[PDB]
Every structure is written in structure tokens, then in C-alpha cells.
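Chemist: Quick mapping for you: the protein sequence lines, in order, are chains C, A and B.
Using PDB author numbering, the first residue of the first sequence is number 1, and each one after it goes up by one.
Using PDB author numbering, the first residue of the second sequence is number 1, and each one after it goes up by one.
Using PDB author numbering, the first residue of the third sequence is number 1, and each one after it goes up by one.
Virtual Cβ for every residue (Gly too), placed ideally from N, Cα, C.
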Amino acid sequence: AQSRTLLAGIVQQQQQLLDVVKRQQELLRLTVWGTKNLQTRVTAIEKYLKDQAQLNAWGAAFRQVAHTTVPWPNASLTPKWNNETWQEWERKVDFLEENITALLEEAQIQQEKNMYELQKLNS
Amino acid sequence: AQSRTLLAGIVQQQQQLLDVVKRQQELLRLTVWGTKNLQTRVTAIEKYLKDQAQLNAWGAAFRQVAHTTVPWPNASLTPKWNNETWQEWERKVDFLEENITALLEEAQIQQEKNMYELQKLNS
Amino acid sequence: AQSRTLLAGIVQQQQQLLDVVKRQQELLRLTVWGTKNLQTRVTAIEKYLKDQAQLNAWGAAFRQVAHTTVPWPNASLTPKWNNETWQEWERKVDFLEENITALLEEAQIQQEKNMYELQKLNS
């Protein structure tokens with residue numbers, strides 16, 4: 001008279017939900033790659049911006065033996081403020097990924113134990 | 001003597017969790033739009049950077065009938081390496097979205113079946 | 001003869017899944033900060049690009065009492081089209097965060113009620 005079939009669906013449903021949660025974790029990682037990839041493109045642009053500062057005046061002296069070069073800074077490079085703050089951002093993600101993996105591990109162990117107990121009821 | 005009320009809460013709870021998971025999928029899509037939107041802005045900047053290369057020296061020749069134009073490349077355009085890698089990134093998201101939709105469909109069908117079975121117990 | 005132990009695992013499992021979902025919400029917020037942070041860097045670049053337009057020709061006139069300054073626009077600033085569309089993007093996230101918080105609140109209240117009912121069965 002036990003409703004094992006109803007429990008099997010409920011237990012099975014939890015497994016389905018757990019799988020979808022895992023898919024979100026992999027999807028989230030793909031998004032992180034896009035953001036980081038954009039930064040790499042930004043660094044390439046900074047190099048080119050520095051070149052523009054080098055460009056100042058060509059042939060602006062055909063009656064003098066001198067050339068005016070004005071390589072004024074162009075791209076503001078972040079040495080410590082963004083790096084320290086960005087590492088903190090990455091660090092928070094690392095703790096969340098480690099905490100989520102722990103919870104997923106317990107769920108998998110608990111999920112299998114719940115199904116195992118169900119078989120013992122009528123097996 | 002069956003604990004249908006406890007099961008109704010458990011079954012109902014799974015429905016609530018399923019709804020929240022769906023909300024994350026829509027929220028994830030909004031984040032993807034922001035990343036892609038930034039790239040469109042980056043392309044506009046590349047056009048302007050090319051213009052800076054065109055700027056070289058104006059009036060740098062008032063004793064000669066010539067003008068020095070130095071349009072040296074400025075923005076490094078990605079033709080195949082980033083596109084092929086980016087398509088792979090988008091492709092992975094497409095498979096994950098299709099797999100998540102399949103799991104959600106099964107959960108909805110299974111979720112309704114679990115509630116339907118519960119009514120048959122006392123209906 | 002009630003399978004409270006099986007229910008305790010199922011009820012406990014839902015709590016574990018709820019916790020992981022909350023972790024995704026915090027992880028999603030960290031990703032939003034990275035995207036917004038990139039835009040701040042982009043604004044700094046726009047200021048520098050304007051400076052490049054100012055750079056035109058230095059000393060390109062050693063036989064005339066005039067200087068040619070050509071500060072042609074460089075960074076295309078978005079005043080209304082991107083802001084209005086971006087606010088809509090942020091607005092959608094705000095409604096999703098508010099809706100997810102509501103669902104989480106109901107789950108927590110319902111989750112505790114389900115455990116409370118279980119104790120009454122044998123307490």
C-alpha cells in the first residue's frame with residue numbers, strides 16, 4: 001500500500017532538477033570566457049592606442065634638421081587597483097564553485113541513497 | 001493514513017524550484033546580450049581607430065607640392081581565429097540550451113503526472 | 001510503517017537544491033559586475049580617443065604664424081539609444097531578481113513547513 005511509484009517520480013524528478021542545475025554551471029563558465037576574451041581584445045587595442053601617441057607630425061620640418069615626436073600616454077594601464085579588485089572578483093567565483101561542487105556531491109550521494117532505500121522496501 | 005499533504009508540499013516544492021530554474025535561464029540570456037552588445041561598440045571603435053592612422057601631418061609642407069599620408073593599420077581585425085573560436089563558444093551554449101529545454105520538458109510532463117497520480121489516490 | 005526516513009532524505013534533498021540555486025544567483029551577480037566594469041574601461045578609452053583627434057600636426061608651419069588643429073570626433077558617444085535600451089536590459093534583470101526572491105521566500109517558508117509537519121507525525 002506504499003506509494004513507491006509516486007516517490008519514484010518525486011525521487012526521479014529531483015535527479016532531473018539536479019542535472020539541469022549542473023548544465024547552468026557549465027553555461028555560466030562559457031559566459032565568463034566571453035567576458036575575459038573581450039579584455040584580451042582590449043589589451044591589443046591599448047597597444048595600438050600607444051602607437052597613435054607616437055604619430056605626431058611627419059615632414060613638419062622641411063626647413064629645419066629636427067623632428068617633433070610627442071608620444072603622450074594614450075591607454076591608461078591599470079597596474080594594481082583593477083588587478084587587486086579583479087582577483088577578488090575571480091576569488092569569489094572560486095569559492096562559489098567550490099561550495100556548489102560540495103553541495104552537488106552531497107546531493108548525488110544523498111540522491112543515490114534515497115533510491116537505494118526505495119529498492120530495499122520491495123526488493 | 002497516507003501523508004498526501006506532506007507529498008503535496010514536496011510535489012508543490014519541486015514545481016517552485018523548477019520555476020526558479022527557468023528564471024535563471026532568462027536571466028542568463030540577458031547577460032549574453034550585454035557581452036555581445038559590448039562587441040558591437042568595440043567594432044565602432046575599430047572604425048575610428050582606422051581614422052586615427054589616416055591622421056598624420058596637416059600643412060607639414062608649405063614649401064613643397066606634396067602631402068604625407070601614413071594610414072598604418074590601427075585596429076587588428078580578427079577574420080578567422082576569433083570567429084571560429086567564438087562560433088564554437090556560441091555552439092556550446094546552443095547545445096546546453098537545447099539539452100536544458102529537453103530536461104525542463106520532461107520535468108513538466110513528469111511533474112504534472114506526479115500531481116495527477118496524487119489526485120487518483122483520493123479523488 | 002511510514003517512510004519518514006525516505007521523506008527526510010527527499011525533504012533534505014530539496015533544501016540542498018534550494019541552497020545551490022541561491023549560489024547561482026550570487027555567481028550571476030559577479031558576472032554582471034565584470035560586464036559593467038568593462039564599460040567603465042571603455043569610457044576611459046573614449047576620453048583618450050578624443051585626445052587623438054586633437055593631435056593633428058606639430059610644427060607643420062615654420063614659415064607661417066598659424067597652427068592647424070583638427071579635433072574631429074573620435075569616440076561615438078551614445079546619449080539616448082544605448083542608455084534607453086540598456087536601462088531596459090537592467091530593468092528586466094530587476095524584475096527577474098524580484099520574482100526569484102519571491103519564489104525563494106515561498107520555498108523557504110514551504111520547506112520549513114514540510115519539515116515541521118514531518119516532526120508532528122512522530123514527535
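Nearest CA to the CA of A/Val93: which residue from C/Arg4, C/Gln24, C/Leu6?
Modeler: Out of C/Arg4, C/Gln24, C/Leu6, C/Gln24 has the C-alpha closest to the C-alpha of A/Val93.
Chemist: Closer than 9 Å between beta carbons: that is the criterion. Which residues of the segment 9-28 of chain A meet it against chain C?
Modeler: Correct list: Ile10, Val11, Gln14, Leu17, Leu18, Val21, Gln24, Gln25, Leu28.
Chemist: Do you know whose CA, among C/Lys36, C/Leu49, C/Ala44, lies nearest C/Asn74's CA?
Modeler: Closest by alpha carbon: C/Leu49.
Chemist: Does B/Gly59 come out as helix, strand or coil in the three-state DSSP assignment?
Modeler: Reduced to three states, the DSSP call for B/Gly59 is coil.
Chemist: For B/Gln15 and C/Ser76, what's the separation of their Cα atoms in angstroms?
Modeler: When rounded, the distance between both Cα atoms is 48 Å.
Chemist: Which bits of chain A does C/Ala60 rub up against, with CB to CB less than 7 Å?
Modeler: Residues of chain A passing the Cβ test: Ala57, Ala60.
Chemist: To the nearest angstrom, report how far apart B/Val11 and C/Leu28 are at their CA atoms.
Modeler: Cα to Cα, the separation comes out at about 27 Å.
Chemist: Pairs of beta-carbons, one from the segment 78-92 of chain A and one from the segment 111-122 of chain B, closer than 8 Å: are there three or more?
Modeler: Output reads no: the segment 111-122 of chain B does not touch the segment 78-92 of chain A.
Chemist: Between which two residues does the alpha helix (DSSP H) harbouring C/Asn122 extend?
Modeler: No alpha helix (DSSP H) holds C/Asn122; DSSP gives it neither H nor E.
Chemist: The segment 79-103 of chain B: which residues have C-beta closer than 7 Å to a C-beta of chain A, in chain order?
Modeler: Of all residues in the segment 79-103 of chain B, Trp89, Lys92, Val93, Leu96, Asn99, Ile100, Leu103 have a Cβ within less than 7 Å of some Cβ in chain A.
Chemist: Closest Cβ-Cβ distance between B/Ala66 and chain C: below 7 Å?
Modeler: By this cut-off, B/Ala66 is not an interface position.
Chemist: Hey, would you say C/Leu118 sits closer than 7 Å to B/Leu38, going by beta carbons?
Modeler: Not in contact: C/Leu118 and B/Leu38 (Cβ atoms no closer than 7 Å).
Chemist: Grab me the residues of A/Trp72's own chain with a C-beta within less than 8 Å of its C-beta, minus the 5 sequence neighbours each way, in chain order.
Modeler: For A/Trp72, where only same-chain residues beyond five positions count, the Cβ hits under 8 Å are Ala53.
Chemist: Taking the C-alpha atoms as reference points, what is the distance between A/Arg63 and A/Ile45?
Modeler: The alpha-carbon atoms of A/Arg63 and A/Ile45 are separated by roughly 36 Å.
Chemist: Run down chain A in chain order and give the residues with a C-beta less than 8 Å from the C-beta of C/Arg63.
Modeler: Result: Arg63.
Chemist: Distance cutoff 7 Å, beta carbons only. Does B/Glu112 sit that close to anything in chain A?
Modeler: Cβ-Cβ to chain A under 7 Å: no for B/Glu112.
Chemist: Rounded to whole angstroms, what is the Cα-Cα separation between B/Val42 and A/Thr101?
Modeler: So the alpha carbons of these two residues sit roughly 36 Å apart.
Chemist: Please report the residue range of the alpha helix (DSSP H) in which C/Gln2 lies.
Modeler: Counting along the chain, C/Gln2 falls outside any alpha helix (DSSP H), and DSSP gives it neither H nor E.
Chemist: For B/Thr31, does the count of other Cβ atoms within 10 angstroms reach 16, so buried, or fall short, so exposed?
Modeler: Buried.
Chemist: Can you tell me whether B/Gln108 is helix, strand or coil according to DSSP?
Modeler: Three-state result, B/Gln108: helix.
Chemist: Using a cut-off of 8 Å between C-beta atoms, extract the partners of B/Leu38 located in chain C.
Modeler: Near B/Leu38 (Cβ distances below 8 Å), the residues of chain C are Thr35, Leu38, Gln39, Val42.
Chemist: How many angstroms separate the CA atom of B/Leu96 from the CA atom of A/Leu104?
Modeler: Roughly 19 Å separates the two Cα atoms.
Chemist: On the CB-based measure, 16 or more other CB atoms within 10 Å of its CB, does A/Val70 come out buried or exposed?
Modeler: Exposed, because fewer than 16 other Cβ atoms sit within 10 Å of the Cβ of A/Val70.
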